[PDB]
Amino acid sequence: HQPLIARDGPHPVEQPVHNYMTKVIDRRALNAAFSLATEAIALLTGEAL
Amino acid sequence: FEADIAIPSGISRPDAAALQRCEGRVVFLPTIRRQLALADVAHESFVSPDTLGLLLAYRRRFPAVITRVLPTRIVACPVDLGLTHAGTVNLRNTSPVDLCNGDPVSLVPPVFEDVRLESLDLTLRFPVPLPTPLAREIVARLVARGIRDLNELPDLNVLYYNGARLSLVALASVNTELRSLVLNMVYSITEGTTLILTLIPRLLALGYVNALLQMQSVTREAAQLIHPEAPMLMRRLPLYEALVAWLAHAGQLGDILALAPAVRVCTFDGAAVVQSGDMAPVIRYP
Amino acid sequence: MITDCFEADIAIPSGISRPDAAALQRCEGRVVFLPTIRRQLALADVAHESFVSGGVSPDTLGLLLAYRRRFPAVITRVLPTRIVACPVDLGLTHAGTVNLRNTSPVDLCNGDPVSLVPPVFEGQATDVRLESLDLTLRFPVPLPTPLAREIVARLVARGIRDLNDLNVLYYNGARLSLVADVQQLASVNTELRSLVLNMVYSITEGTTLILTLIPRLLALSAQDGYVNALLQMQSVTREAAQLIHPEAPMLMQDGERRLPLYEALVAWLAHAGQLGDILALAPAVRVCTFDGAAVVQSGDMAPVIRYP
Amino acid sequence: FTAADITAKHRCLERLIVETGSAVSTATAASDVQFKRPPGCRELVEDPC
Amino acid sequence: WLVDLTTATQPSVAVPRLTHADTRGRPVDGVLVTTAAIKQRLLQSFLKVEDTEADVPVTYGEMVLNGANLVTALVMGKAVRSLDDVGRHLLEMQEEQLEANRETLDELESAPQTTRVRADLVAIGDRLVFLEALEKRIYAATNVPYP
Amino acid sequence: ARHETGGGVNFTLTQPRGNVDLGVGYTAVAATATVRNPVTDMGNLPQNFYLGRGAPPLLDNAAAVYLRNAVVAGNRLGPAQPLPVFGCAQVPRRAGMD
Amino acid sequence: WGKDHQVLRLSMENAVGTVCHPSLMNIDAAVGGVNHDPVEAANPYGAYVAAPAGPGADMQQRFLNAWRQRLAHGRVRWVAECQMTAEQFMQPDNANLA
Amino acid sequence: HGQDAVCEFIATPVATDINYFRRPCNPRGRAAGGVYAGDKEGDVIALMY
Amino acid sequence: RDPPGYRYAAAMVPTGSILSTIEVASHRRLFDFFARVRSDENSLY
């Protein structure tokens, strides 16, 4: 909303003004990389035990 | 494997329907990466190239066939990697040529006749997926038309494929768009046939190679050499350094003009002939 | 798996000194030419002593000519008793991401196909010699294809000088010089015959139309700055118009139903445009990094996807 | 000199002041001498010019 | 000059979940971020630290679609942040009265758990400000450059 | 996600997020304080155009080749290898910078 | 002053790579583009050259007699501009900037 | 006073501007040293000679 | 462009107040749906 201040003429009279608006989100992400090693696959699975 | 292409927000009602219209159409993405922006796909990212420029840039970039198109992101499955992972992806014809079963399919820049997103202010030029026997003919016709426009014929404007008439004419933009190919094809021949003309009379050395040469040139090449030298003449010419710059140039145009397939079409429980406008079940892995 | 990974096993011998066994683990992704596609080979079937003919060690030109008789394989993993490799000619991996290593002084880019060359460069002919077995391994040099089409053109043209300088390149501002070396006559005549059979086959009756268009080009090159930058300062067609005034034949035999210009280009592409593949070997590999960068530097490993 | 850029930009001031802090460099500081920027990476720079 | 960093901006909506504050309870009005270099020069001379350990909320917030707000996501195709309230007060309002200043729905949340935390508090003019340089906590021996 | 290279199995991890500026007007301000090392040396490096292409040459191949050589030669910048048609022009690489 | 506090020198002779490029005698993009809208004809006194008239003497009298009104129509461009001070010359007083 | 520094003399052309000497310089006429070089094998000499 | 007008029934019950007050129209481009009203308007109802 916006306030007013009255005035004398001959200024044309001013009326209350209401501002409406909406905003829109913007989308993002993050990234990281975990990589294992080959043999580490064997051991965890148990294949090399 | 599948990559995502994020649509930036602020899409109108027809432009969001415009990405819905191009369901299974080809997209080149620069690097295989999980997140990727839609500016990288667009025609603005190619800087603007002519049809010699786009054939270079379709050899550096990585083609992906668009699968399901979500309102927030475009999902793309690349051909070199995830198509060895995912077996069959649908792909939509845009060509005027019906794809038969088991055709090696290449993609060609749209020389014949292009979705522009007005809210985003970028254009998306897609290639035209037509098979490799036509792809080697249509480019070879359009280069050969460009030479007869450098002084046409009653023929050469008409192709027949699968019983159907093709029309390359449907033009003055096309002949100037494809012009930097023509200036390379004319250069790569006329520099070639003069080095042959400057080295066979230079050596003609007889071990058996000249016996292989002149017998194969017996009224075939030496008469072609003499009829060229009749329309010619017979300091030290910089000959041996002109070989290098030609072989580096001649071997380069063979890779632009190769137009190698990516796609093979193994249809199953469907028509053997995929029409124009329809989708074709598409694989690249044996 | 058998179609995806078909992993040849170079067996390592029994007695290897730790100076030489640790030399193999420094050679993780390099290129090994398997003579066949057996699942069991030996290092004596891989090394440079396997590469020799009877008493005749091949020069750097002829050493290309027996790469293409074998099967280029990238080593994937070097166990202490054997060395595992993936032959490129079948299929690389399941998901298909193998690693080379740049032994070249040249960086790569994404999408660049990789042609491999014998070790031509100066200060680079680097052979791992296993002194505890007497086995030298000439690991080849992987390069981008606008280099290997140029180097093979330098090595072919230098031998044809010897039947009667050239040895300096530039790649991205890096002056690199290749080794000027003696070249054997048996290797050059295989290269020399491979040109002239392929060039003369690339001439057809349509080519006499195109030779009329030479003084059009010097008429055109003085106007456009592109053709003026296309021809060169050192071309032949700039001299072969001022000595050559050709004229086209007016009629041709059945000259209405045949296409003169169309038959020349296809006969050109299938014999002369193919020719850079004929002298060298084919780039069966290109580089597709996922997330790192656009450029794989020298010495760093590089992810790899098969190339049609 | 390029006209198609100056004609392109909009005339809101509220906006430009935000952008010419965060705007994007034409050159690169990673090259050997100085280059048009490769397509890969982006250097936020403030051009008062 | 620092007084002109801080007075040129216009405070935003008041969410009384945050409540970053002193060990006195005076709430923190803002944040500075500098390099490690500038931070000293300001602390040596130009500024004084009015407090050391700050009280900080712990938990995030959570918006879950459980409830009638879910059905509308599926059936209606839309969602409203808390519809279990807006949906309510569009009933009572429909009956009782009119009051311009109302009880803001955001207000009625209970406070998060606040703990003790160490960060420099500085008073530039009238407002307390977290004065902070992250390049040690973060960006330490990670190769990412400091934005 | 999950991915595999050279036997190594990559795990890549993403979280999506979103931002809104819930202030009306300027809620934040950047201010330049000091200056570090100016990165670009302030030098005198002239620009050749002979790197360039798209300028129709002068009609006499005796003069064009005369100039090009008589300028591009021994130049901090101008092309090492004469301009390839479709490659990238490359600038000589210096032995070392200061 | 250079970066490192050297006195550096820049001069004409470094202008070569720019000027000496043949492209400065590239025009047509100009003349082809300034003639878009048709332009008038001034007193073409410097813009026209004739074929030599037959008589040696009578030639100039022919000249004067035929060109009288031609020199009385407007004023000769290249002479009027002789009195323009530089500062006067740049102002949009002389339409001949364009 | 103390041990005497041993001067030496390198002959140079008379033209070379003194301004090469009004800030610390290398006598040899060209900057030597590995510090300045790049990463390549031939650099250190390439700078030198 | 798709600038859907905001939802008055929801905004009838706000989550939290704004704080600073400024002429808003001075800088529009931050927003999407932006509307001025003089003292009242018919579409509000």
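Throughout, read-outs are computed from the coordinates displayed, never taken from laboratory work. All Cβ positions, even for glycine, are placed from backbone atoms using ideal geometry, and neighbour counts span all protein chains on display.
Some observations on this one:
- Residue check, E:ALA79 on the phi < 0 side of the Ramachandran plot, among the aliphatic types (A, V, I, L, M) and part of a loop (DSSP other than H, G, I, E, B): yes
- One residue stands out among those in segment G:10-60 that are surrounded by 10 or more Cβ atoms within 10 Å (Cβ to Cβ) and within 30 Å of F:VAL39 (Cα to Cα): the one that is farthest from the other protein chains (Cβ to nearest Cβ), which is G:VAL19.
- Considering E:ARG17, E:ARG24, the condition of being in a loop (DSSP other than H, G, I, E, B) and in contact with a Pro (Cβ under 7 Å, 6 or more places away or on another chain) is satisfied by E:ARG17 alone.
- Within segment B:36-59, the set of residues being surrounded by 17 or more Cβ atoms within 10 Å (Cβ to Cβ) and outside any helix (DSSP H, G or I) comprises B:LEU36, B:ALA42.
- Cβ-Cβ contacts under 6 Å between residues 6 or more apart (or on different chains), taken from a first residue in segment B:242-253 that is at the interface with chain C (Cβ under 7 Å from one of its Cβ atoms) and closer than 11 Å to C:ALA148 by Cα to a second residue that is part of a helix (DSSP H, G or I) and of a type outside the set (A, V, I, L, M), are listed as B:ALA248/C:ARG149; B:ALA248/C:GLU150; B:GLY251/C:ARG149; B:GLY251/C:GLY276.
- Candidates B:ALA271, B:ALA230, B:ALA260, B:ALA250 - the one that is within 24 Å of the chain's Cα centre (by Cα), more than 19 Å from B:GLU23 (Cα to Cα) and surrounded by fewer than 15 Cβ atoms within 10 Å (Cβ to Cβ): B:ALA260
- Within segment C:120-132, being under 11 Å from C:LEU143 (Cβ atoms) and away from chain H (no Cβ under 14 Å) holds for one residue alone: C:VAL120.
- Looking only at segment E:91-137, and only at residues there that are among the hydrophobic types (A, V, I, L, M, F, W, C) and within 14 Å of chain I (Cβ to nearest Cβ), the one that is surrounded by the fewest Cβ atoms within 10 Å (Cβ to Cβ): E:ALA100
- Subset of segment C:271-289 [among the hydrophobic types (A, V, I, L, M, F, W, C), facing chain B (nearest Cβ under 7 Å) and more than 12 Å from C:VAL114 (Cβ to Cβ)]: C:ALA272, C:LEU275
- Scanning segment I:1-30 for residues that are under 12 Å from D:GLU14 (Cβ atoms) and surrounded by 15 or more Cβ atoms within 10 Å (Cβ to Cβ) returns I:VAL24, I:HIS27, I:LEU30.
- Unique residue being of a type outside the set (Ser, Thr, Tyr) and within 22 Å of the chain's Cα centre (by Cα) when the list is F:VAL72, F:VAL35: F:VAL72
- Restricting segment C:218-227 to residues that are more than 7 Å from every other protein chain (Cβ to nearest Cβ) and of a type outside the set (S, T, N, Q) leaves a set whose member that is surrounded by the most Cβ atoms within 10 Å (Cβ to Cβ) is C:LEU220.
- G:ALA50 more than 19 Å from the chain's Cα centre (by Cα) and either in a helix (DSSP H, G or I) or within 30 Å of F:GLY52 (Cβ to Cβ) (or both): no
- Those residues of segment C:274-308 which are assigned to a loop (DSSP other than H, G, I, E, B), of a type in the set (A, V, I, L, M, F, W, C) and over 16 Å from the mean Cα position of the chain (by Cα), in sequence order: C:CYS288, C:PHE290, C:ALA293, C:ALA294, C:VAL295, C:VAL296
- Selection count, segment B:167-215, where residues are under 19 Å from C:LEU218 (Cα atoms) and either surrounded by fewer than 18 Cβ atoms within 10 Å (Cβ to Cβ) or of a type outside the set (S, T, N, Q) (or both): 11
- Scanning segment B:171-217 for residues that are of a type outside the set (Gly, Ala, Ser), within 12 Å of another protein chain (Cβ to nearest Cβ) and part of a loop (DSSP other than H, G, I, E, B) gives B:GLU191, B:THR198, B:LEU199, B:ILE200, B:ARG202, B:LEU203, B:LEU204.
- Residue within segment D:23-40 that is touching a strand residue (DSSP E or B) at 6+ places or on another chain (Cβ under 7 Å), at negative phi and loosely packed, with under 11 Cβ neighbours inside 10 Å present: no
- Enumeration of residues in segment A:5-49 that are facing chain F (nearest Cβ under 9 Å) and part of a loop (DSSP other than H, G, I, E, B): A:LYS23, A:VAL24, A:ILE25, A:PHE34, A:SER35, A:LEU36, A:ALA37
- Tally of residues being facing chain A (nearest Cβ under 9 Å), over 29 Å from E:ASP29 (Cα atoms) and polar (S, T, N, Q) across segment F:1-49: 5
- Residue pairs whose Cβ atoms lie under 6 Å apart, sitting 6 or more positions apart in sequence or on different chains, and linking a residue in segment F:50-65 that is within 9 Å of chain G (Cβ to nearest Cβ) to a partner that is loosely packed, with under 13 Cβ neighbours inside 10 Å, are F:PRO56/C:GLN223.
So that you can scan it fast, the table gives a plain yes or no per residue for (1) outside any strand (DSSP E or B); (2) surrounded by fewer than 20 Cβ atoms within 10 Å (Cβ to Cβ); (3) of a type in the set (A, V, I, L, M, F, W, C):
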{"position": "C:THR76", "(1), (2), (3)": "no, no, no"}
{"position": "C:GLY96", "(1), (2), (3)": "yes, no, no"}
{"position": "C:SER115", "(1), (2), (3)": "no, no, no"}
{"position": "C:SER132", "(1), (2), (3)": "yes, yes, no"}
{"position": "C:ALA153", "(1), (2), (3)": "yes, no, yes"}
{"position": "C:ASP165", "(1), (2), (3)": "yes, yes, no"}
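- In segment I:31-45, residue nearest to the other protein chains (Cβ to nearest Cβ) [restricted to those that are surrounded by 13 or more Cβ atoms within 10 Å (Cβ to Cβ) and either assigned to a loop (DSSP other than H, G, I, E, B) or of a type in the set (S, T, N, Q) (or both)]: I:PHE31
- Whichever residue in segment B:1-14 is surrounded by 19 or more Cβ atoms within 10 Å (Cβ to Cβ) and more than 14 Å from chain C (Cβ to nearest Cβ) and, among such residues, is farthest from B:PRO78 (Cα to Cα): B:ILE11
- For the residues C:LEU143, C:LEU147, C:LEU108, the requirement of being within 19 Å of the chain's Cα centre (by Cα) and assigned to a strand (DSSP E or B) singles out C:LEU143.
- Residue check for E:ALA54: assigned to a loop (DSSP other than H, G, I, E, B) and of a type in the set (A, V, I, L, M): no
- Of all residues making up segment B:209-252, the number that are touching a helix residue (DSSP H, G or I) at 6+ places or on another chain (Cβ under 8 Å) and among the charged types (D, E, K, R): 3
- C:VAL88 touching a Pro at 6+ places or on another chain (Cβ under 7 Å) and among the β-branched types (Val, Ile, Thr): yes
- Looking only at residues of segment F:66-80 that are more than 9 Å from chain G (Cβ to nearest Cβ) and within 22 Å of F:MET97 (Cα to Cα), we find that the one that is surrounded by the fewest Cβ atoms within 10 Å (Cβ to Cβ) is F:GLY74.
- Checked against the criterion of being of a type outside the set (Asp, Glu) and in contact with a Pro (Cβ under 9 Å, 6 or more places away or on another chain), segment E:1-12 contains not a single residue that satisfies it.
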